[PDB]
């Protein structure tokens, strides 16, 4: 599979494919993604880190922005407390097999010239565009604060200062990335990953929301949380267990069953798993079992390294 298609695999969109092809021709190119420090690193994070690894294997230099000041502007508590959580997150990412340069926002987002450019960009960005960009990012507030509208300008400015060719993030980042394309001299190529559904099945996977598989969860917690997960028979849309099968397991896949339920079963693609599950030829509990045991094996090297 070529570089382009490796990068495209399991993304929701690329802005634009044509521009990505131009970036691939360069001898040196770079990609970044930002993570607000999180107490738990979960499959949400891991999906995006896998995408960064795809880019790394395609010749990109990778920058992970440990986005302490962004999270501070997004109301995540005190800044020194936001910094302690990021130190752990770094170790987890290294344990996932990513080799990258790690930058804390605070190392450069308070420098004189960075700040002056925030204000320069603030003169060019409408309140309406700033607020629009934060709808899927800002926490649900009845009295929105000025911090909401500084945040997107700071993300845009960070992309400018990083000098990257590609910016990666979730689909929730879409409008901030579009602003960056309008506001900056160099149009950044944007790769968006899908939003993983949480295990409760009623929103995104989140650390604050308690509906996550952490990459360092122990095997019994992986089993318990998968067993309890939303997984309606025949239904693929909004089904977090099928999403995990899609984005994390490897095919062909051997799903172990007792012989009384049909015996062990081989599935050559996600699309085939989808077909079996839609037709109720595979029951929730048995998908869950397979997904739990596979995820335990996939996450083992990460648990081992973290120690």
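Numbering follows the first chain given and starts at 1.
ask   = Given the B-factors recorded for C-alpha atoms, which segment has the greater mean, 235-243 or 267-275?
value = The stretch with the larger mean CA B-factor is 267-275.
task = Higher average CA B factor in the deposited record is what I'm after, so tell me if that's 145-153 or 112-120.
result = According to the entry, 112-120 carries the higher average C-alpha B-factor.
ask   = Whose CA atom has the top B-factor in the entry, of 135, 220, 216, 87?
value = Among 135, 220, 216, 87, the highest C-alpha B-factor in the entry belongs to 87.
query = So where's residue 131 on the chain's Cα temperature factor ranking, which third?
reply = For residue 131, whose C-alpha B-factor we compare with every modelled residue in the chain, the answer is the middle third.
message = Among the modelled residues of this chain, does the Cα B factor of residue 160 put it in the lowest, middle or highest third?
response = Lowest third.
inquiry  = Going by the CA temperature factor in the PDB record, which third of the chain does residue 47 belong to: lowest, middle or highest?
reply    = Lowest third - that is where residue 47 ends up once the chain's C-alpha B-factors are sorted.
ask   = Can you tell me which third, lowest, middle or highest, the CA B-factor of residue 79 falls into for its chain?
value = Within its chain, residue 79 is a highest-third residue by C-alpha B-factor, going by the deposited values.
request  = Tell me, lowest, middle or highest third: where does the Cα B factor of residue 177 rank within its chain?
outcome  = CA B-factor rank for residue 177: lowest third.
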